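Every number here is computed from the coordinates shown, using simple stated rules; none is lab data. As a convention, Cβ positions derive from the backbone with ideal geometry for all residues, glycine included, and neighbour counts pool all protein chains shown.
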Amino acid sequence: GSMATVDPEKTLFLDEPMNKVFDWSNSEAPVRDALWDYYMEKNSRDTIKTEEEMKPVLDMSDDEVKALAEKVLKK
Ligand SMILES: [Zn+2]
Ligand SMILES: [Zn+2]
Ligand SMILES: [Zn+2]
Ligand SMILES: [Zn+2]
Ligand SMILES: [Zn+2]
């Protein structure tokens, strides 16, 4: 029979912990939550504008999410 792992992790890149995928971050929050906080702080904690700016992030490829994170989060 198969020795393959049962139900292997299939986590989306946006749902991985910041400090798992980015060696420059110490946060344990999912990438998408770190990006959300960046936009919230930019928008004085207006969730409506924040949701508009986050929408395109969900259509980004993983390489684009890394590029965005390094632009706005890596400080
Ligand atoms: Zn076998
Ligand atoms: Zn299962
Ligand atoms: Zn993971
Ligand atoms: Zn979350
Ligand atoms: Zn904040």
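Things to note:
- For the peptides 32-40, 5-13, 66-74, the ranking by mean Cβ contacts within 10 Å, running from highest to lowest, is 32-40, 66-74, 5-13.
- The chain, relative contact order [Cα under 8 Å, separation at least 6], %: 24 percent
- Principal-axis tilt of helix 31-42 within the chain, Cα atoms, nearest 10 degrees: 0 degrees
- Translational diffusion coefficient (Stokes-Einstein; Kirkwood radius from C-alpha pairs) of the chain at 4 °C, 1.567 mPa s, in µm²/s: 96 µm²/s
- Sequentially through region 60-67, phi angles give Karplus couplings (6.51, -1.76, 1.60; θ = phi - 60°) of 7, 6, 4, 4, 5, 4, 4, 4 Hz, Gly and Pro residues having no value and appearing as x.
- In order along region 15-25, the phi-based Karplus estimate (6.51 cos²θ - 1.76 cosθ + 1.60, θ = phi - 60°) of 3J(HN,Hα) comes to 9, 6, x, 2, 7, 6, 9, 10, 6, 7, 10 Hz; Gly and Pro are listed as x.
- Measuring r between the beta carbons of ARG45 and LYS74 and using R0 = 25 Å, the FRET efficiency lands at 0.65.
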